[PDB]
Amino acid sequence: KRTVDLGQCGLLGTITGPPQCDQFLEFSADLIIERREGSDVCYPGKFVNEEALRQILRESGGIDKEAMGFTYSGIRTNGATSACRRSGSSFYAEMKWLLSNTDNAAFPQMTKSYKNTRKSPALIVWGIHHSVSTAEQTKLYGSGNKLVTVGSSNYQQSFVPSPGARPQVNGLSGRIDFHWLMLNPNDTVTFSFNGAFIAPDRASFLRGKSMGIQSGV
């Protein structure tokens, strides 16, 4: 039985890729052992609907990565943070932090879509960045109201970054939370954002079949 001990890497982190998961980014296993030490994020925040996502992964057999193909012009795609350290400020290996090309510049309205062409379902994840304050949100994405919408064949949701201060974690009071859907074959997810959007760069396809356990042995 090919088996994987995620140690400091939390099962969900294999999808978005905080430093602690850099070695499981495309893991393959029949038995997934989680640890209480394991962590899903690096920047403060959580996975919404995280326990459903956890059960898909535990019984997934591993994850295969595949670029999504989004490209950009007129913004920065290299947003990084001290909370995600790779000998320096870094981020999530599978995600891009988009922001305005210069401080306070107006982030352009953007629409990007992706179609699952492979034959099994694709795990799509994206993030809302909640800034510590209105002014920081503006410095990063420009002033005014922000809106992220996500749609697939049966699903529609809008997301509104609410800047504000939450309890200082690792020195940061802002948050990035992760939302996710399962994109069936030949279906399309369509993103529409004007800032505060953490875009996926690679999608995850399940590898097969496996059992997951959070033990101490």
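Note that residue numbering follows the sequence shown and begins at 1.
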Quiz item: Should the higher mean CA B-factor in the entry be assigned to 204-212 or to 15-23?
Solution: 204-212
Practice problem: Read off the CA B-factors in the entry, average them over 69-77 and over 117-125, and name the higher stretch. | Solution: 117-125
Exercise. Specify which of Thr149, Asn170, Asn184, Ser152 carries the largest Cα B factor in the deposited PDB entry.
Key: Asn170
Quiz item: From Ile33, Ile176, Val48, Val189, can you pick the one with the highest C-alpha B factor in the entry?
Solution: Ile33
Self-check item: Among modelled residues of the same chain, the CA temperature factor third for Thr111
Solution: lowest
Self-check item: Chain-relative CA temperature factor third for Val132
Solution: highest
Exercise. Divide the modelled residues of the chain into thirds by Cα B-factor and specify which third, lowest, middle or highest, holds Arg85.
Key: highest
